[PDB]
């Protein structure tokens, strides 16, 4: 009843179509992904939503989603803050591999666990591997110890919260209308916190792609209600 927060998950990426684990792989949006953001922007525009600051991960797919939304809402003048803390969950040694070839290699049960589990991460990369963010110039200014070799949702949540408490939440408290453009697991991290969901309950939480999720929060940042801005 006091503050309004808008969250959005980027649309389909090239690897979502190629049926391959992405994680921190910095792949671009597919043409369909680019358009989901254009549609979400129009809906926000129609309802008169406006923003004062935007937060994003550092992955192209989220960054472009955010730019598209600002463009479609006439909010290109606002500051945009990116952080690796809003990045998708890192899939370790599975990143870049096709899901079928990994399912046939490791088994259908084991991948379902790695995909939908809360605290069991996929096999870790080695520091010599090029998929390790520690070897990527994009993370040059981030200490290597903070860059994951692999992650379970749990790790993702713990890595996201600090950014919520140190940047996002304070902006809301300062009176700013905030937009957050991120990924499925990163956003599940925020929602888990916002709605105080249990470890078991977030496993069933599915955040649809390219649909604005609006949170009406009270004076103490507790949700009064939430809803998606569409009719599909």
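Residue numbers count along the first chain shown, from 1.
Peer 1: Look over 207-215 and 220-228 in the entry and identify the one with the greater average Cα temperature factor.
Peer 2: Higher mean C-alpha B-factor in the PDB entry: 207-215.
Peer 1: Can you tell me whether 73-81 has a higher mean C-alpha B factor than 103-111 in this record, or the other way round?
Peer 2: Higher of the two, by average CA B-factor, is 103-111.
Peer 1: Maximum C-alpha temperature factor per the entry, among 186, 171, 60, 198, belongs to which one?
Peer 2: Of the options given, 198 has the highest CA B-factor in the PDB entry.
Peer 1: Choose from 166, 26, 34, 52 the residue with the greatest Cα B-factor as stated in the PDB record.
Peer 2: When the deposited C-alpha B-factors of 166, 26, 34, 52 are compared, 34 is largest.
Peer 1: Taking only the Cα B-factors deposited for this chain, tell me whether residue 89 sits in the lowest, middle or highest third.
Peer 2: Ranked within chain, residue 89 CA B lands in the lowest tercile.
Peer 1: Going by the CA temperature factor in the PDB record, which third of the chain does residue 42 belong to: lowest, middle or highest?
Peer 2: Its C-alpha B-factor, which the entry lists for residue 42, ranks in the highest third among residues of this chain.
Peer 1: Would you mind checking where the Cα B-factor of residue 149 ranks among the modelled residues of its chain, as the lowest, middle or highest third?
Peer 2: For residue 149, the deposited C-alpha B-factor lands in the middle third.
Peer 1: When the modelled residues of the chain are sorted by Cα temperature factor, does residue 8 land in the lowest, middle or highest third?
Peer 2: Middle third by C-alpha B-factor.
Peer 1: Going by the CA temperature factor in the PDB record, which third of the chain does residue 125 belong to: lowest, middle or highest?
Peer 2: Middle third, going by the recorded CA B-factors of the chain.
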